[PDB]
file data-v2.csv (CSV, C-alpha atoms and all ligand atoms)
chain,number,residue,atom,x,y,z
E,4,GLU,CA,0.0,0.0,0.0
E,5,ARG,CA,0.9,3.7,-0.1
E,6,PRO,CA,2.5,5.0,3.1
E,7,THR,CA,1.2,8.1,4.9
E,8,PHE,CA,3.1,11.4,4.4
E,9,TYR,CA,3.5,14.3,6.8
E,10,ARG,CA,4.7,17.8,5.8
E,11,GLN,CA,7.4,20.0,7.4
E,12,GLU,CA,9.4,23.1,6.8
E,13,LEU,CA,13.1,22.3,6.8
E,14,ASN,CA,16.0,24.4,5.5
E,15,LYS,CA,14.1,27.3,3.7
E,16,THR,CA,11.9,24.7,1.9
E,17,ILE,CA,9.0,22.3,2.6
E,18,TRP,CA,9.9,18.6,3.1
E,19,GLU,CA,7.3,15.9,2.8
E,20,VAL,CA,8.2,12.4,4.1
E,21,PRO,CA,6.6,9.2,5.4
E,22,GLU,CA,5.7,9.3,9.2
E,23,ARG,CA,8.2,6.4,9.6
E,24,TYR,CA,11.0,9.0,9.4
E,25,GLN,CA,11.3,11.2,12.5
E,26,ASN,CA,13.5,13.7,14.3
E,27,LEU,CA,14.3,15.3,10.9
E,28,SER,CA,17.3,17.6,11.4
E,29,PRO,CA,19.5,19.2,8.6
E,30,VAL,CA,23.2,18.5,8.2
E,31,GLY,CA,24.2,20.1,4.8
E,32,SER,CA,23.5,21.7,1.4
E,37,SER,CA,20.0,19.0,0.9
E,38,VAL,CA,20.5,16.4,3.6
E,39,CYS,CA,18.7,15.8,6.8
E,40,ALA,CA,19.6,13.3,9.6
E,41,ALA,CA,16.6,11.4,10.7
E,42,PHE,CA,15.6,8.4,12.8
E,43,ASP,CA,13.7,5.6,11.0
E,44,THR,CA,11.0,4.2,13.4
E,45,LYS,CA,10.3,1.1,11.2
E,46,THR,CA,13.8,-0.2,11.5
E,47,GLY,CA,15.5,1.6,14.4
E,48,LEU,CA,18.2,2.9,12.1
E,49,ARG,CA,19.6,6.4,11.9
E,50,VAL,CA,19.2,7.6,8.4
E,51,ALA,CA,20.3,10.4,6.0
E,52,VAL,CA,17.5,11.8,3.9
E,53,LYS,CA,18.3,13.8,0.8
E,54,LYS,CA,15.7,16.0,-0.9
E,55,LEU,CA,16.6,16.6,-4.5
E,56,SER,CA,16.8,20.3,-5.4
E,57,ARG,CA,14.3,21.0,-8.3
E,58,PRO,CA,15.2,17.5,-9.8
E,59,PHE,CA,13.2,18.0,-13.1
E,60,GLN,CA,13.7,21.8,-13.8
E,61,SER,CA,16.5,21.4,-16.4
E,62,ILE,CA,17.7,18.6,-18.6
E,63,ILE,CA,20.9,18.5,-16.4
E,64,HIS,CA,18.9,18.3,-13.1
E,65,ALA,CA,16.8,15.5,-14.6
E,66,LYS,CA,19.8,13.6,-15.9
E,67,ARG,CA,21.6,14.1,-12.6
E,68,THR,CA,18.5,12.7,-10.7
E,69,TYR,CA,18.2,9.6,-12.9
E,70,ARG,CA,22.0,8.9,-12.7
E,71,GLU,CA,22.2,9.1,-8.9
E,72,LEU,CA,19.1,6.9,-8.4
E,73,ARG,CA,20.2,4.2,-10.9
E,74,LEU,CA,23.8,4.1,-9.5
E,75,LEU,CA,22.8,3.7,-5.9
E,76,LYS,CA,20.2,1.1,-6.8
E,77,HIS,CA,22.9,-1.0,-8.2
E,78,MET,CA,25.4,-0.4,-5.3
E,79,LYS,CA,25.2,-3.3,-2.9
E,80,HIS,CA,28.5,-3.6,-0.9
E,81,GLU,CA,29.4,-3.2,2.7
E,82,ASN,CA,31.9,-0.3,2.1
E,83,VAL,CA,29.9,1.6,-0.5
E,84,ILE,CA,26.8,3.7,0.4
E,85,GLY,CA,23.5,2.1,-0.5
E,86,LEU,CA,19.8,3.1,-0.9
E,87,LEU,CA,17.7,2.2,2.1
E,88,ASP,CA,14.7,3.8,0.5
E,89,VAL,CA,13.5,6.2,-2.2
E,90,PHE,CA,10.0,7.9,-2.3
E,91,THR,CA,7.9,10.8,-3.6
E,92,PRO,CA,4.8,12.6,-2.3
E,93,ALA,CA,3.4,12.0,-5.8
E,94,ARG,CA,0.7,9.4,-6.5
E,95,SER,CA,1.1,9.7,-10.2
E,96,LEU,CA,3.6,10.6,-12.9
E,97,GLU,CA,1.8,13.9,-13.7
E,98,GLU,CA,2.3,15.1,-10.1
E,99,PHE,CA,5.8,13.7,-9.7
E,100,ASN,CA,8.2,16.6,-8.9
E,101,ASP,CA,10.2,15.7,-5.8
E,102,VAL,CA,12.6,12.8,-5.2
E,103,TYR,CA,14.0,11.7,-1.8
E,104,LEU,CA,16.8,9.3,-1.1
E,105,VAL,CA,17.5,7.4,2.2
E,106,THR,CA,20.8,5.9,3.3
E,107,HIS,CA,22.5,4.9,6.5
E,108,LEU,CA,23.7,7.8,8.7
E,109,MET,CA,27.0,6.3,9.7
E,110,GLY,CA,27.6,9.1,12.2
E,111,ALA,CA,30.6,11.1,11.0
E,112,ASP,CA,32.7,11.8,7.9
E,113,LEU,CA,36.4,11.1,7.9
E,114,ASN,CA,37.1,14.5,9.3
E,115,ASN,CA,35.3,14.1,12.6
E,116,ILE,CA,37.3,10.9,13.4
E,117,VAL,CA,40.7,12.4,12.4
E,118,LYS,CA,40.2,15.9,13.7
E,119,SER,CA,43.9,16.6,12.6
E,120,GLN,CA,45.6,14.1,14.9
E,121,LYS,CA,47.9,11.2,14.0
E,122,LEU,CA,45.9,7.9,14.0
E,123,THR,CA,47.6,4.6,14.9
E,124,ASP,CA,48.9,2.4,12.2
E,125,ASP,CA,46.3,-0.4,13.1
E,126,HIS,CA,43.5,2.2,12.8
E,127,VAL,CA,44.9,3.4,9.4
E,128,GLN,CA,45.2,-0.3,8.2
E,129,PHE,CA,41.5,-0.8,8.9
E,130,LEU,CA,40.2,2.4,7.3
E,131,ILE,CA,42.3,2.3,4.1
E,132,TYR,CA,41.5,-1.5,3.8
E,133,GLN,CA,37.8,-0.5,3.9
E,134,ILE,CA,38.3,2.3,1.3
E,135,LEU,CA,40.2,0.0,-1.1
E,136,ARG,CA,37.8,-3.0,-0.6
E,137,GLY,CA,35.0,-0.5,-1.6
E,138,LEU,CA,37.0,0.8,-4.5
E,139,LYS,CA,37.6,-2.6,-6.0
E,140,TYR,CA,33.8,-2.9,-6.1
E,141,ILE,CA,33.2,0.6,-7.6
E,142,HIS,CA,35.9,0.0,-10.2
E,143,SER,CA,34.8,-3.4,-11.3
E,144,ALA,CA,31.5,-1.9,-12.4
E,145,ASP,CA,33.7,0.5,-14.5
E,146,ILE,CA,32.9,3.5,-12.3
E,147,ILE,CA,35.5,6.0,-11.3
E,148,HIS,CA,34.6,8.1,-8.2
E,149,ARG,CA,36.7,11.2,-9.3
E,150,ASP,CA,36.4,13.1,-6.0
E,151,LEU,CA,37.7,10.9,-3.1
E,152,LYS,CA,38.4,12.8,0.1
E,153,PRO,CA,37.6,12.6,3.9
E,154,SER,CA,34.3,14.5,3.6
E,155,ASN,CA,33.1,11.7,1.2
E,156,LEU,CA,33.8,8.9,3.6
E,157,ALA,CA,31.1,7.9,6.1
E,158,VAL,CA,32.3,6.4,9.4
E,159,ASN,CA,30.5,5.2,12.5
E,160,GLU,CA,31.6,4.9,16.2
E,161,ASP,CA,33.4,1.6,15.4
E,162,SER,CA,35.3,2.9,12.3
E,163,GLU,CA,33.1,1.2,9.8
E,164,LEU,CA,33.4,3.0,6.4
E,165,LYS,CA,31.2,3.7,3.4
E,166,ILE,CA,32.2,5.5,0.3
E,167,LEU,CA,29.7,8.1,-0.8
E,168,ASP,CA,29.5,11.2,-2.9
E,169,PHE,CA,27.9,14.5,-1.6
E,170,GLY,CA,28.0,16.1,-5.1
E,184,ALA,CA,40.0,22.3,0.2
E,185,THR,CA,38.6,19.5,-2.0
E,186,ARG,CA,41.4,20.1,-4.5
E,187,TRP,CA,43.9,18.6,-2.0
E,188,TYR,CA,43.2,15.0,-3.0
E,189,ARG,CA,42.8,15.2,-6.7
E,190,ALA,CA,45.1,13.3,-9.1
E,191,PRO,CA,47.3,15.8,-11.0
E,192,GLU,CA,45.7,14.7,-14.3
E,193,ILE,CA,42.1,15.8,-13.4
E,194,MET,CA,43.5,19.2,-12.4
E,195,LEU,CA,45.3,19.4,-15.7
E,196,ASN,CA,42.0,18.6,-17.5
E,197,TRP,CA,43.6,15.5,-19.2
E,198,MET,CA,40.5,13.8,-20.6
E,199,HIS,CA,41.2,10.1,-20.5
E,200,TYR,CA,41.1,9.0,-16.9
E,201,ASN,CA,41.4,5.5,-15.5
E,202,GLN,CA,40.4,4.1,-12.1
E,203,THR,CA,43.8,5.0,-10.6
E,204,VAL,CA,42.8,8.6,-10.0
E,205,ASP,CA,40.9,7.3,-7.0
E,206,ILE,CA,44.2,5.6,-6.0
E,207,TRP,CA,46.0,8.9,-5.9
E,208,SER,CA,43.3,10.2,-3.6
E,209,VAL,CA,43.6,7.2,-1.3
E,210,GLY,CA,47.4,7.7,-1.1
E,211,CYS,CA,46.9,11.3,-0.1
E,212,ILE,CA,44.2,10.2,2.4
E,213,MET,CA,46.3,7.5,4.0
E,214,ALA,CA,49.3,9.8,4.3
E,215,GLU,CA,47.0,12.3,6.2
E,216,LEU,CA,45.9,9.7,8.7
E,217,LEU,CA,49.5,8.6,9.4
E,218,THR,CA,51.3,11.9,9.7
E,219,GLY,CA,48.3,13.8,10.9
E,220,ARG,CA,48.7,16.7,8.5
E,221,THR,CA,47.6,17.4,4.9
E,222,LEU,CA,49.9,15.8,2.3
E,223,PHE,CA,49.6,18.5,-0.5
E,224,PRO,CA,48.0,21.6,1.1
E,225,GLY,CA,48.1,23.7,-2.0
E,226,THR,CA,46.9,27.3,-1.9
E,227,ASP,CA,45.8,27.3,-5.5
E,228,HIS,CA,45.8,25.2,-8.6
E,229,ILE,CA,49.5,25.8,-9.5
E,230,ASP,CA,50.7,25.5,-5.9
E,231,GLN,CA,48.9,22.2,-5.7
E,232,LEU,CA,51.0,21.0,-8.6
E,233,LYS,CA,54.3,22.4,-7.3
E,234,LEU,CA,53.9,20.5,-4.0
E,235,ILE,CA,53.1,17.3,-5.9
E,236,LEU,CA,56.1,17.5,-8.1
E,237,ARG,CA,58.3,18.2,-5.1
E,238,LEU,CA,57.4,14.8,-3.5
E,239,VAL,CA,57.2,12.6,-6.5
E,240,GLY,CA,59.8,14.4,-8.6
E,241,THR,CA,59.4,15.6,-12.2
E,242,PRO,CA,58.3,13.3,-15.1
E,243,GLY,CA,61.0,10.9,-16.3
E,244,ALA,CA,61.7,10.3,-20.0
E,245,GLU,CA,59.0,7.6,-20.3
E,246,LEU,CA,56.3,10.0,-19.0
E,247,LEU,CA,57.3,12.9,-21.2
E,248,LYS,CA,56.8,10.5,-24.1
E,249,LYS,CA,53.0,10.2,-23.3
E,250,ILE,CA,52.3,14.0,-23.3
E,251,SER,CA,49.9,14.7,-26.2
E,252,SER,CA,50.7,18.5,-26.3
E,253,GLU,CA,53.8,20.3,-27.6
E,254,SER,CA,53.9,23.5,-25.4
E,255,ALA,CA,53.1,21.5,-22.2
E,256,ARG,CA,55.7,18.9,-23.3
E,257,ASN,CA,58.3,21.8,-23.7
E,258,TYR,CA,57.2,23.5,-20.4
E,259,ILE,CA,57.8,20.5,-18.2
E,260,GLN,CA,61.4,20.2,-19.6
E,261,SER,CA,61.8,23.9,-18.7
E,262,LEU,CA,62.3,23.5,-15.0
E,263,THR,CA,64.6,22.6,-12.1
E,264,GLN,CA,64.6,18.8,-12.4
E,265,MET,CA,63.3,17.6,-9.0
E,266,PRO,CA,64.6,14.3,-7.7
E,267,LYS,CA,61.9,11.9,-6.5
E,268,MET,CA,62.0,12.1,-2.7
E,269,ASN,CA,62.4,8.9,-0.8
E,270,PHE,CA,59.2,8.6,1.2
E,271,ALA,CA,60.9,6.9,4.2
E,272,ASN,CA,62.5,10.4,4.8
E,273,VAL,CA,59.0,12.1,4.8
E,274,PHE,CA,57.1,9.6,6.9
E,275,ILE,CA,59.6,9.0,9.7
E,276,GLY,CA,58.8,6.2,12.1
E,277,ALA,CA,55.8,4.9,10.1
E,278,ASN,CA,55.3,1.2,9.2
E,279,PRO,CA,57.6,0.5,6.3
E,280,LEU,CA,54.7,-1.5,4.8
E,281,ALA,CA,52.7,1.8,4.8
E,282,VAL,CA,55.7,3.6,3.1
E,283,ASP,CA,56.0,0.9,0.5
E,284,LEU,CA,52.3,1.1,-0.3
E,285,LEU,CA,52.5,4.9,-0.4
E,286,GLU,CA,55.4,4.7,-2.9
E,287,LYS,CA,53.1,2.6,-5.1
E,288,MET,CA,50.0,4.8,-4.9
E,289,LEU,CA,51.5,8.2,-5.4
E,290,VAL,CA,53.3,7.6,-8.7
E,291,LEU,CA,52.9,10.5,-11.1
E,292,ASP,CA,52.3,8.2,-14.2
E,293,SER,CA,48.8,6.8,-13.5
E,294,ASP,CA,49.5,3.6,-15.5
E,295,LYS,CA,52.1,2.6,-12.9
E,296,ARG,CA,49.9,3.1,-9.8
E,297,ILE,CA,48.7,0.1,-7.8
E,298,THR,CA,45.1,-1.0,-8.5
E,299,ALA,CA,42.6,-1.4,-5.7
E,300,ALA,CA,42.6,-5.2,-6.2
E,301,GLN,CA,46.4,-5.2,-6.0
E,302,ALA,CA,46.5,-2.9,-3.0
E,303,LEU,CA,44.2,-5.3,-1.0
E,304,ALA,CA,46.9,-8.0,-1.5
E,305,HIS,CA,49.7,-5.8,-0.2
E,306,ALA,CA,51.4,-7.0,3.1
E,307,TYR,CA,50.1,-3.9,4.9
E,308,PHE,CA,46.6,-5.4,5.0
E,309,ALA,CA,47.8,-8.8,6.1
E,310,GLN,CA,45.6,-8.8,9.2
E,311,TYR,CA,42.4,-7.9,7.3
E,312,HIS,CA,42.8,-9.3,3.8
E,313,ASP,CA,40.3,-11.9,2.7
E,314,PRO,CA,40.4,-12.8,-1.1
E,315,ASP,CA,37.0,-14.6,-0.7
E,316,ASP,CA,35.3,-11.5,0.8
E,317,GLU,CA,36.3,-8.7,-1.5
E,318,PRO,CA,33.4,-8.9,-3.9
E,319,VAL,CA,33.0,-7.3,-7.4
E,320,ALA,CA,30.0,-5.5,-9.0
E,321,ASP,CA,27.7,-6.7,-11.7
E,322,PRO,CA,28.6,-4.7,-14.9
E,323,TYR,CA,27.4,-1.1,-15.1
E,324,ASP,CA,26.2,0.9,-18.1
E,325,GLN,CA,27.7,4.4,-18.2
E,326,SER,CA,26.2,5.3,-21.7
E,327,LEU,CA,22.5,5.4,-20.5
E,328,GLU,CA,23.7,8.3,-18.4
E,329,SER,CA,25.5,10.1,-21.3
E,330,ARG,CA,22.3,10.3,-23.3
E,331,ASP,CA,20.4,13.4,-24.6
E,332,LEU,CA,16.7,13.0,-24.0
E,333,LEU,CA,13.8,15.4,-23.3
E,334,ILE,CA,13.0,16.4,-19.7
E,335,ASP,CA,9.7,14.4,-19.7
E,336,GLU,CA,11.6,11.3,-20.6
E,337,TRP,CA,14.2,11.5,-17.8
E,338,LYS,CA,11.4,12.2,-15.4
E,339,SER,CA,9.4,9.1,-16.5
E,340,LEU,CA,12.5,7.0,-16.4
E,341,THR,CA,13.2,8.3,-12.9
E,342,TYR,CA,9.6,7.6,-11.8
E,343,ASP,CA,9.8,4.0,-13.1
E,344,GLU,CA,13.1,3.6,-11.0
E,345,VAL,CA,11.2,4.9,-7.9
E,346,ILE,CA,8.3,2.5,-8.6
E,347,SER,CA,10.5,-0.6,-9.1
E,348,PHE,CA,12.5,-0.1,-5.9
E,349,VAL,CA,13.1,-3.1,-3.5
E,350,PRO,CA,14.5,-2.2,-0.1
E,351,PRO,CA,17.4,-4.3,1.1
E,352,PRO,CA,16.1,-6.8,3.8
E,353,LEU,CA,17.4,-5.6,7.2
T,1,LIG,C1,24.8,13.0,-9.8
T,1,LIG,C2,25.4,11.9,-8.8
T,1,LIG,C3,25.6,10.6,-9.2
T,1,LIG,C4,26.1,9.7,-8.3
T,1,LIG,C5,26.5,10.0,-7.0
T,1,LIG,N1,27.1,9.1,-6.2
T,1,LIG,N2,28.0,8.3,-6.6
T,1,LIG,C6,28.2,7.5,-5.6
T,1,LIG,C7,29.3,6.4,-5.6
T,1,LIG,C8,28.5,5.1,-5.7
T,1,LIG,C9,30.1,6.5,-4.3
T,1,LIG,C10,30.1,6.6,-6.8
T,1,LIG,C11,27.4,7.8,-4.5
T,1,LIG,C12,26.7,8.9,-5.0
T,1,LIG,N3,25.7,9.5,-4.3
T,1,LIG,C13,25.6,9.6,-3.0
T,1,LIG,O1,26.4,9.1,-2.2
T,1,LIG,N4,24.5,10.2,-2.6
T,1,LIG,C14,24.1,10.4,-1.3
T,1,LIG,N5,22.8,10.6,-1.0
T,1,LIG,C15,22.5,10.7,0.4
T,1,LIG,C16,23.6,10.6,1.1
T,1,LIG,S1,25.0,10.3,0.1
T,1,LIG,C17,26.4,11.4,-6.7
T,1,LIG,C18,25.9,12.3,-7.5
T,2,LIG,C1,52.8,18.6,-14.7
T,2,LIG,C2,53.1,17.2,-14.1
T,2,LIG,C3,51.9,16.4,-13.8
T,2,LIG,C4,51.5,15.5,-15.0
T,2,LIG,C5,51.6,14.1,-14.7
T,2,LIG,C6,50.2,13.4,-14.8
T,2,LIG,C7,50.2,12.2,-15.7
T,2,LIG,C8,49.3,11.1,-15.2
T,2,LIG,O1,49.6,9.8,-15.7
T,2,LIG,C9,49.0,9.6,-17.0
T,2,LIG,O2,47.5,9.5,-16.8
T,2,LIG,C10,46.9,9.6,-18.2
T,2,LIG,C11,45.4,10.0,-18.0
T,2,LIG,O3,44.7,9.0,-17.5
T,2,LIG,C12,47.3,8.3,-18.9
T,2,LIG,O4,46.5,8.1,-20.1
T,2,LIG,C13,48.8,8.3,-19.1
T,2,LIG,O5,49.2,7.0,-19.7
T,2,LIG,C14,49.5,8.5,-17.8
T,2,LIG,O6,50.9,8.7,-18.1

call {"tool": "encode", "arguments": {"input": "data-v2.csv", "output": "structure tokens"}}
result
Amino acid sequence: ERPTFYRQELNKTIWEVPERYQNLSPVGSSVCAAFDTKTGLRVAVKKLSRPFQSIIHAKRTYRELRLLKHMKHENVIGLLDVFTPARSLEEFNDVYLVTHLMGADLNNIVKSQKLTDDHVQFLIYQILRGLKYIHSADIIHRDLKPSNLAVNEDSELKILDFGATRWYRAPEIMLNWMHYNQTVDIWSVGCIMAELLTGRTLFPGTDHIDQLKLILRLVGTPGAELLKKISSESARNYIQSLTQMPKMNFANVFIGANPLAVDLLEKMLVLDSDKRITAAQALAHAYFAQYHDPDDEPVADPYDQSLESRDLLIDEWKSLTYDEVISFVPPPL
């Protein structure tokens, strides 16, 4: 049957949600923390901002719903629910998404203090285990960072994406290179790990260029093999036109850390993205010895990007989104 909806005025706009969801309290630009009476779980509720106003809003709406509906893995965020006040397509004009409210992001847990190696082990293992899953579906996250990592009291971790942040980007995204592979997320993880171990930000750039200067200082300049892959001429000639920086030995940056952590850091933060360690490979590194289970590091059913890269009319994306809402099966809990 249809649930019963109650109306409320949260964050400069009117929210309408099933009575099941209580204690509705805002947390960000829009997302509300809430308590779900049917299950006993603490949930995040997201009200889509004008989901069907533009072609881009409609496209964005359908993508996010489809993607989460396919996401079923312990270290990735998943849909607990999705609903609308609408009783028909014609009146369909608001979309709500429910997920676990883990408790904190990876900033609240760190609060700029050195975490123990055992604690790092566990968090990074969770990130990577989730990345292997995301990547096997052929999906690249593109914006990994601590604000996008949901963690509870017990350090259980889920990767999400709340659509300076620049501090964890692979250099290629910054440089608007257009062919990206999965290992951009691996650069971000390296930067994240480093931050948990030493307690400070790895590349705390002040701007776009500063961000790049700091990166080159740690990993050194491009070697001959990397210059060979630069598609542009001026860029090619610019890189040559510098003080050749010698790749710093990470053991001299991370003093007193687990050498297994250092080794893994050497392998993640390689400038040439074709030479970075994959998630699947990283899971098998000796640093996760105490957690690694090759029979419990699942992959995703294949995922269609193209259906998102389409050009349809607004009414079509809306109808496609509605169907997605109507066909939803909650995960048994
Ligand atoms: C346009 C668009 C499309 C997809 C996403 N992605 N991608 C992911 C992956 C599965 C981590 C890649 C997760 C999300 N979304 C997400 O976490 N949403 C959330 N809702 C409520 C609390 S957190 C975001 C925006
Ligand atoms: C200015 C110094 C920073 C430039 C180094 C970034 C190069 C990243 O590495 C590159 O990633 C590309 C994009 O996915 C791949 O196609 C290339 O094979 C790889 O070399």

call {"tool": "residues_around", "arguments": {"input": "data-v2.csv", "residues": "stretch 127-132 of chain E", "least_positions_apart": "5", "cutoff": "9 Å", "atoms": "only C-alpha atoms", "output": "ChimeraX atom specification"}}
result
/E:122,137,162-164,209,212-213,216-217,281,302-303,307-308,310-312

call {"tool": "closest_residue", "arguments": {"input": "data-v2.csv", "among": "E:214, E:51, E:229, E:236", "to": "residue E:157", "atoms": "only C-alpha atoms"}}
result
E:51

call {"tool": "residues_near_ligand", "arguments": {"input": "data-v2.csv", "ligand": "ligand LIG 2 (chain T)", "cutoff": "6 Å", "atoms": "all atoms listed in the file", "output": "ChimeraX atom specification"}}
result
/E:191-192,197,199-201,246,249,291-294

call {"tool": "atom_distance", "arguments": {"input": "data-v2.csv", "atom1": "atom CA of residue E:306", "atom2": "atom CA of residue E:121"}}
result
21.5 Å

call {"tool": "closest_residue", "arguments": {"input": "data-v2.csv", "among": "E:244, E:300, E:289, E:104", "to": "ligand LIG 1 (chain T)", "atoms": "only C-alpha atoms and all ligand atoms"}}
result
E:104

call {"tool": "closest_residue", "arguments": {"input": "data-v2.csv", "among": "E:320, E:93, E:116, E:63", "to": "residue E:139", "atoms": "all atoms listed in the file"}}
result
E:320

call {"tool": "atom_distance", "arguments": {"input": "data-v2.csv", "atom1": "atom CA of residue E:53", "atom2": "atom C15 of ligand LIG 1 (chain T)"}}
result
5.2 Å

call {"tool": "closest_residue", "arguments": {"input": "data-v2.csv", "among": "E:85, E:210, E:31, E:47", "to": "residue E:285", "atoms": "all atoms listed in the file"}}
result
E:210
